[PDB]
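A.B. asks: Here it is, the structure, as structure tokens.
There are 4 protein chains.
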Amino acid sequence: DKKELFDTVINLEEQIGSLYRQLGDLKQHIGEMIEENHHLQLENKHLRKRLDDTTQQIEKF
Amino acid sequence: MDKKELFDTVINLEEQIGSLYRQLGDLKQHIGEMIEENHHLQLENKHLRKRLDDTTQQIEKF
Amino acid sequence: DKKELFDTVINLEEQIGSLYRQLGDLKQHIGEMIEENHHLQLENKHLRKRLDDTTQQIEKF
Amino acid sequence: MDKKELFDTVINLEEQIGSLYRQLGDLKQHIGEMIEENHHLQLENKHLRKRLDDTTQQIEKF
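Protein chains in written order, with the deposited numbering: chain A, 2 to 62; chain B, 1 to 62; chain A', 2 to 62; chain B', 1 to 62. A prime marks a further copy of an entry chain.
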């Protein structure tokens, strides 16, 4: 009927809004993971440089 | 080593879903329109059959 | 975790597949309504023409 | 009186959703990749801190 079809369409709408919300959450968590990655790369760089410097220091004495 | 490209992909996704919402709305509008059109045609043809019945009853009585 | 995020993404996938299926049903019903419309328009045309012809017939006698 | 235009709109919608599916898949792939990358970096930095600790224990003993 009118109801049976309209409510179907609005049901689709609401499912779409739900998807959007969930994808927003996902975006947030993905962002957090990206920043995590970034910091890990920087930390890795510094620990590498530190190890190189301390290795050269030991190579001296 | 991929970084913000994937993030922009996510944003692109959210934009596409956002779009889908609006399109679904317009679809709903056109659907309702077609439903009204169908109802109008229905009752219209019913009454047309009324008048047709009456006028055929008139002619077939000369 | 790995699970908590991956299962989220696959959950989104499945919701998308669900939406697609539902939209397929909708497409079917919309098609049926369109054909219904078509037939109604044709029937309307013919009943109009019939009424015009029979009206002219009565206008004769 | 609108007809098949709306139908083509529906088809366009189904095509967009179909697309979203694939994009979500690729997204999943890149996500997994970044997760592995994060784990590698984690353990790598842990061991780097091991070696750093040991070598600092070596230097500070002259």
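Note that beta-carbon positions come from the ideal geometry of N, C-alpha and C, so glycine has one too.
Could you check if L13 of chain A is buried or exposed, using at least 16 other CB atoms within 10 Å of its CB as the buried criterion?
C.D. replies: buried
A.B. asks: Could you give the first and the last residue of the continuous alpha helix (DSSP H) run that contains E5 of chain B'?
C.D. replies: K4 to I59
A.B. asks: When the Cα atoms are used, what is the spatial distance from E15 of chain B to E15 of chain A?
C.D. replies: 16 Å
A.B. asks: Is the region 33-45 of chain A' in contact with the region 28-43 of chain A, if contact means three or more CB pairs nearer than 8 Å?
C.D. replies: Verdict: no, contact absent.
A.B. asks: Contact defined as beta carbons within less than 8 Å: I believe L20 of chain B' pairs with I11 of chain A'. What is the distance between those atoms, to the nearest angstrom?
C.D. replies: 14 Å between Cβ atoms; not a contact.
A.B. asks: Relative to chain B, which residues along the region 26-47 of chain B' have a C-beta separation below 9 Å, given in chain order?
C.D. replies: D26, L27, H30, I31, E33, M34 and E37
A.B. asks: Does the Cβ of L6 of chain A lie closer than 7 Å to at least one heavy atom of the ligand PLP?
C.D. replies: Of ligands this structure carries none, so the ligand PLP is not represented either.
A.B. asks: In chain B, what lies closer than 8 Å to residue 84 of chain B' by C-beta?
C.D. replies: Nothing can be reported for residue 84 of chain B', as the shown portion of chain B' is limited to 1 through 62.
A.B. asks: In chain A, what lies closer than 8 Å to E15 of chain B by C-beta?
C.D. replies: Near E15 of chain B there are no residues of chain A at all, since even the closest Cβ is about 10 Å away, more than 8 Å.
A.B. asks: Starting from the beta carbon of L52 of chain B', find every residue of chain A whose beta carbon is closer than 8 Å, and list them in chain order.
C.D. replies: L48, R51, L52 and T55
A.B. asks: Strictly under 8 Å for the Cβ-Cβ distance: is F7 of chain A near chain B by that measure?
C.D. replies: yes
A.B. asks: Please report how far the alpha carbon of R51 of chain B' lies from the alpha carbon of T55 of chain A, in whole angstroms.
C.D. replies: 10 Å
A.B. asks: Run through chain A and tell me which residues come within less than 8 Å of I59 of chain B', C-beta to C-beta.
C.D. replies: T55, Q58 and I59
A.B. asks: Taking only the alpha-carbon atoms, compute the straight-line gap between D8 of chain A and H30 of chain B' and give it to the nearest angstrom.
C.D. replies: 37 Å
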